[PDB]
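Have a look below at one chain only, the form deposited in one PDB entry, in structure tokens format.
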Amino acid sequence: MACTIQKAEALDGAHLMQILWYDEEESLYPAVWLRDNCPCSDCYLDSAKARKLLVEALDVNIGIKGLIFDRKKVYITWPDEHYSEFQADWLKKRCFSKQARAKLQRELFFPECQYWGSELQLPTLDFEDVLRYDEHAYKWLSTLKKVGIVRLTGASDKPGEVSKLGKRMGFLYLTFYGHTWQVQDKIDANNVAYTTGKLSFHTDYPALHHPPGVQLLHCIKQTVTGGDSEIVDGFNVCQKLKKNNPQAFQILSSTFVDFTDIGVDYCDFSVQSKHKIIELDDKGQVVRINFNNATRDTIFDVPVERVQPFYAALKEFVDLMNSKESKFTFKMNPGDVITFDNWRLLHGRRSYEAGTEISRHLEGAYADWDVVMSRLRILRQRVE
């Protein structure tokens, strides 16, 4: 009834096609869009699922010349004699109504988020299960997307585990710190992460214009002298800030802050970026946080009168993150792997004590959100 065609016709100077379905709903389709998306072998490369049709071949004033239909298909002739057939279900899916468009967007991009504070039930799955089973791997990635974090238990206490997850996702995101990297105390540390010091809430790699979307951290060795993990849901914190201190929100969401990283690791590097700490989309919704206090530059490209209020704003924000209602704290054990959204969460670590031997060792890696969402979409298809 919903995907079955009752009538199809050309309207509005033949610049529109109207489909009345057997459920009584009507859908409208611009003629130029139909022509642009002709699935015939001249216009569309089936092996690539891509358009061969050039913009140059498209008449933007085109009208439908003839049309006939049955219950499952419309058949169209165009003024230049080109001929196009479209399937009902294909058309219905791509319906231009607000409701149909949003439904499809939700399927494509899994936009739903569950905001949290200190009440977090840390989502947990088994590691080998996620490797072995599509049902678990699906639960893993969809929860990662929705919640911002998933902990995997029962991995080895050995290097190479995050690599396995990278292969499971697809591939990891190479940076100047390697394909994977070792978080432990280091002589002549090129990075504050590689010392025993406390790391306050940050996101990783704001020194890059495209920070890692997803972070993986696997505990190989844990100290008893400290080293507790802390996380916070940045989207939740931003929402509170806008409510509590609109002016601090406005400043943090509009001021470009310079980040830097000069050193040698996988390779030699001199990295510089500008980011707004609270990054908004065009509708004003928070879509990324860009903030590591370690790598924030001494260079600060703002007029003198904006400097102190920026700091007063940053301070309110950090104070919100440290609030007992926002942060969740936990201690990783050897065999634990945490995988999280490095665009949304901020994460941190308590100080611990240095020794002559390595008391504490994590292995980490990153992955791009597009690579992760790809595996997510494929995994959903296999399980449903």
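The term rigid core refers to the maximal set of C-alpha atoms that superpose within 1.5 Å between the two forms. Residue indices: 1-based, along the sequence shown.
Omitted from view is the form deposited in another entry, to which the following refers.
Large C-alpha shift between this form and the one not shown, rigid core held fixed: of 151, 179, 276, 92, this applies to 179 alone, with a displacement of 2 Å or more.
Superposition of the core reveals a Cα shift of less than 2 Å for residue 73 between this form and the one not shown. When the rigid core is held fixed, the Cα atom of residue 204 travels less than 2 angstroms between this form and the one not shown.
Relative to the superposed rigid core, residue 108 undergoes a CA displacement smaller than 2 Å between this form and the one not shown. Between residue 178 and residue 278, the C-alpha separation shrinks by 3 Å or more in the other form, relative to the conformation displayed. Three angstroms is the minimum change: in the other form, the CA atoms of residue 291 and residue 179 sit closer than in this structure, by 3 Å or more.
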